[PDB]
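Chemist: I need the structure of the sequence given here:
(3 chains, ligands or ions: 4)
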Amino acid sequence: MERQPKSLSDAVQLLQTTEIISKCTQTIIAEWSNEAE
Amino acid sequence: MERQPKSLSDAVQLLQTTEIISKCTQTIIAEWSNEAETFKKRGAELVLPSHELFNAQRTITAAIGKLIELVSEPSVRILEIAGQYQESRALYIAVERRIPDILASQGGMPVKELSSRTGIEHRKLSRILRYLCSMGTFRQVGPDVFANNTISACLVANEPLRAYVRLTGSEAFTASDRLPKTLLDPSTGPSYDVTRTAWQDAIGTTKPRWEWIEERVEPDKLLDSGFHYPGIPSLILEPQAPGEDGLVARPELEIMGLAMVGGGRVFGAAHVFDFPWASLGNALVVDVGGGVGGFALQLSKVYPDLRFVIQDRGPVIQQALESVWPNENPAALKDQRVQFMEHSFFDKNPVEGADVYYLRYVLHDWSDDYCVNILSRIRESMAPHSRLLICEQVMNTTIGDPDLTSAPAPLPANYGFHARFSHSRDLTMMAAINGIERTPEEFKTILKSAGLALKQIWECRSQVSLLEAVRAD
Amino acid sequence: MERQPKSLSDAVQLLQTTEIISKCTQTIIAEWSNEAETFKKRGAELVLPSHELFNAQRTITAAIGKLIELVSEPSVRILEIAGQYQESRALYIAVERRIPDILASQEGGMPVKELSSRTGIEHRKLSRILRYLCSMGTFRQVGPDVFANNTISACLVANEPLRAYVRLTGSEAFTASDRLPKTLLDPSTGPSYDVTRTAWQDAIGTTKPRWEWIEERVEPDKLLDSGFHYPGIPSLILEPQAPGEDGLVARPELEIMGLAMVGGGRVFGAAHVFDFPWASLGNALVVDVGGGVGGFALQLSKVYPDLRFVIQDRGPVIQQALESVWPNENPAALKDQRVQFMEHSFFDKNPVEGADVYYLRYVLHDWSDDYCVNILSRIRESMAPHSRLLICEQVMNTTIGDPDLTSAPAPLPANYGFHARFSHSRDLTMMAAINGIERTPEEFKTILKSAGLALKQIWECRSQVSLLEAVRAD
Ligand SMILES: Nc1ncnc2c1ncn2[C@@H]1O[C@H](CSCC[C@H](N)C(=O)O)[C@@H](O)[C@H]1O
Ligand SMILES: Nc1ncnc2c1ncn2[C@@H]1O[C@H](CSCC[C@H](N)C(=O)O)[C@@H](O)[C@H]1O
Ligand SMILES: Cc1cc(O)c2c(c1)C(=O)c1cc(O)cc(O)c1C2=O
Ligand SMILES: Cc1cc(O)c2c(c1)C(=O)c1cc(O)cc(O)c1C2=O
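Modeler: Numbering: from 1, shown residues only, chains lettered A, B, ... in the order given. Ligands and ions are numbered 1, 2, ... in the order given. Dropping the coordinates below:
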């Protein structure tokens, strides 16, 4: 089995989901602080 | 002249502009990836960008243009514009000798063997192709060894497109060279006459150039028949073949007929999809001044219920039947879906009450007097349910137009650089036939003098738009 | 022709170059603010970008080019390039009728009808010429057919050397370009590198190097169409010159060329005044071979007060330097004999022996290689052991880099692509007019070693034009 080159879509979604992960982190931190209060 | 300090506003807009480019890149790659998934499943994908992608290309080009204006040294930038015509020539030279087609025939090709198959000398031809490579056309892969790149690839097996380059680089160039002198001479300067243009000054003739292309000339006189116009450059090595009457047609006639196919498929492809043609049922469109009918070709593939008649001058209708439609849709000629008519659109429209009269890149070839007559002869044959669609640049400016959508600030409302092609063609029409590319208000007045009202402007995935016209009734 | 899918690598470099564009923006605004700080307190400020600002503009221009190559629809981009010569015409027409100067006379803008009356262009046509330029960032539209200068066209106000350069590119050079395809394919013109068989001789229909055609005295009725296929300077139809004492008129192109190289020298040749250690020479003699009117002695004289100059060119060019250019831009330098002029043909032995520096700017590129090694051999025969010959020319790089020139970062073209567009435009001007050649380092080495000279250093400067420093192989 040989390794395959990654596609344009693989790159674009890895960017999009990383950006989703990063937006979710800010929400989670905000709501941890609301929850704690 | 001394250098000036830049202002706060230069910096703030340079930032705002840079952030716009950065948002556009994220949109562009997102829509490249939706394109990839749609290309794979398989329509419109293969002819033109998505709406979201088209707005991103148009906006980022507008931002590119404004970034150059804000970061450049003014004088550097003035002298770059002043000499940038040599890149038009370099491309013309490379495209004239079918260099795209040649490199696609092979890891790259040595320039010495590129010289052999073009007739251009190898040391000089290196410098034309590294000009192009430095500007993103073609690639250099080795020591004076060259290949097609992502941009030049679109010319391989593309005679309609190659013809368009050849048209812009042959007659239009000499008309352009003599266009300053024509604008200032007190006699030619004010004129809007089709026969007193920079082009006539170049050719040493008085006849409208639609008929100069159609002259039949003998071989010993032909290569310098253009006077100050050098002529198609390839004739020196590729003499034209005499026809059955012993005369040769002039190369520019076959080029122009095919050029408007090429040009129509680049900026006129949008109109095949962002107007509801399917909703007309089985309709008949009359392509007045249709040339070879390149746009009937673009529409015929997609809406099988439409029927056509192409109206133009004998020789192009002729070239359409004997070399173009045989090889581009022989089935349309067997089914009588397309009928042809040698016709001068200065005469009453021979086909009455048709669904659509299509008139594209016909009004921009004439000043206002000629346009009002052609528009009335079309309408003299329209029924009240008939629709006239003209496909032309509806020119906006850097400060916007009430009836056209403006770009975001700080960008020019007309998207600046995105419209560079419309302005290049504006000066071609001024140089060759005293034509005019028109603003919405300038279109409105010439339609009310012909007894038509502007029903809607169709903004599409092109700088070129559609004007739909009614009868004043 | 169908539209192709974009590849992973296209996306990745479009991101990479966008991030380069974004970093260059932060460098540029930082250095705009340091530049501002240099302007208020007051030098080099008024002539040159700082090193940091120049590297950001060059980088950011290179990235611009590659972003356009990556985001454009290929056929759209092919036809935009194909027609981009019309923007050259628009700028030429505008500058030839001194529209920058007319708009600076008000600046709330000027109605185009009143602009039309002062240019000779018809107002509705002149509207389309100015909106072409406005969409492309030259001039501004401020109202319905009301126009004004912008930050780019402003540098043309009261700038005759720069206007002269625009005029030179749009006059003889344009028609020479038009005939350059037919010249390249004809089997007789195609291979020659002779100064007398170019597209330009074909346009004018003459058999003389172009240097002396511009120096003719023509009869008043013969001058406007004296250019044959070349239409001539457009303004002559409206501003005829009165015959002089011999009943003849000069060709406008002579003085346009003289001032154009002053203008061009101040845009692209300004770097060489500051990125070469001239002050370390002390009180030295620079001989400006082919110095033209002496535009480069003008730039150096203001800054290094201890250098002495002699400007060498053709008689008529010298006299323009002495009668109109230097009287009006540095009269003290002549009255002190700091600058001397000398009518000289650089195909002969140079009369000046043992000078410190022989400056030769934009001369080697006007001739093919045989003439060039003759011109360098002429100087060499006259150099002292401590003498330095400085060639100021484009030292051409390529999109794939050169061992002796610094390459742009990846993913950019190694020669910074768009940043070098002017150098390539002039490369084709040299082919069309003089059969000249803009040259790579390897091609310069071959003619320097044929002339008995050695290249000691390449000077990369805040310009796409550089300096080649040569001594004799001794
Ligand atoms: N008097 C006339 N009668 C008919 N057709 C004419 C004409 N004068 C010019 N034409 C045609 O008008 C066309 C203008 S170019 C437009 C071609 C076509 N509409 C397209 O977009 O592909 C040319 O093909 C030319 O042959
Ligand atoms: N045979 C010759 N002998 C001397 N100078 C010559 C010459 N033929 C051309 N020239 C000069 O060579 C110069 C080329 S343009 C360079 C001008 C100057 N070095 C500058 O950069 O401003 C022109 O000024 C022209 O007058
Ligand atoms: C010399 C010359 C004469 C013309 O009539 C045209 C052109 C050039 C031309 O380039 C052109 C381009 C185009 O997209 C549409 C046109 O109708 C045209 C033209 O009509
Ligand atoms: C028609 C023509 C003839 C020339 O000899 C030159 C030019 C044009 C020209 O544009 C030019 C520009 C420049 O920056 C330096 C030059 O030596 C030049 C030229 O020498």
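Chemist: tell me, how many residues neighbour residue A:22?
Modeler: Look at residue A:22: counted by other C-beta atoms under 10 Å in any protein chain shown, it has 9 neighbours. Quick note: C-beta positions are derived from backbone N, CA and C, even for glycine.
Chemist: one more: the one 10 residues further on?
Modeler: Residue A:32 has 10 neighbouring residues, counting by other C-beta under 10 Å.
Chemist: now residue A:20
Modeler: 11.
Chemist: sec struct for it, please.
Modeler: helix (DSSP: H, G, I helix; E, B strand; the rest coil).
Chemist: report the contact partners of it.
Modeler: By C-beta atoms under 8 Å, 6 or more residues apart in numbering or on different chains, the contact set of residue A:20 is empty.
Chemist: how close does it sit to chain C?
Modeler: Going from residue A:20 to chain C by C-beta to the nearest C-beta, to the nearest Å gives 18 Å.
Chemist: with residue A:30 instead?
Modeler: Using C-beta to the nearest C-beta, residue A:30 is found at 28 Å from chain C.
Chemist: find the closest residue to ligand 4 in chain A.
Modeler: Closest to ligand 4 within chain A is residue A:8: 43.5 Å, counting by C-beta to the nearest ligand atom.
Chemist: residues in contact with that residue?
Modeler: Residue A:8 sits next to B:29, B:32, B:33, B:36, C:5, C:6, C:7, C:8, C:10, C:11 when contact means C-beta under 8 Å, 6+ apart.
Chemist: now it, nearest residue through space, not along the chain?
Modeler: Excluding the flanking residues, the one nearest residue A:8 by C-beta to C-beta, 6 or more residues apart in numbering or on different chains is residue C:8, at 4.7 Å.
Chemist: count of residues packed around residue A:7?
Modeler: By other C-beta under 10 Å, the residues close to residue A:7 number 17.
Chemist: burial check on residue A:9, number of neighbours?
Modeler: 17.
Chemist: again but with residue A:17, I slipped
Modeler: 10.
Chemist: what helix or strand is it on?
Modeler: Secondary structure from DSSP states H and E places residue A:17 in helix A:8-36.
Chemist: could you check the angle helix C:8-41 makes with that helix?
Modeler: 60 degrees (axes from the mean of the first three to the mean of the last three C-alpha atoms, to 10 degrees).
Chemist: in helix A:8-36, what's buried?
Modeler: Residues A:8, A:9, A:11, A:12, A:15 are the ones in helix A:8-36 that count as buried (16 or more other C-beta atoms under 10 Å in any protein chain shown).
Chemist: for ligand 2, see how far away the residue nearest to residue A:8 is.
Modeler: Separation of residue C:8 from ligand 2 (C-beta to the nearest ligand atom, to the nearest Å): 47 Å.
Chemist: now for the residue of chain A found nearest chain B: which residues touch it?
Modeler: Closest residue of chain A to chain B, C-beta to the nearest C-beta: residue A:12 (4.0 Å). Neighbouring residues of residue A:12 by C-beta under 8 Å, 6+ apart: B:29, B:30, B:32, B:33, C:11.
Chemist: what's the most distant pair in these?
Modeler: Put simply, by C-beta to C-beta the two of those set farthest apart are B:30 and C:11, 9.6 Å from each other.
Chemist: of all of chain A, which residue lies closest to ligand 3?
Modeler: residue A:8 (32.7 Å).
Chemist: so which helix or strand takes in residue A:4?
Modeler: Going by DSSP H and E, residue A:4 is not part of any helix or strand.
Chemist: what's around it, how many residues?
Modeler: Neighbours of residue A:4 using other C-beta under 10 Å come to 7.
Chemist: next up, phi/psi of it, please.
Modeler: Residue A:4 has phi and psi values of phi -110, psi 150 when expressed as degrees, to the nearest 10.
Chemist: please apply the same query to residue A:7.
Modeler: phi -90, psi 170.
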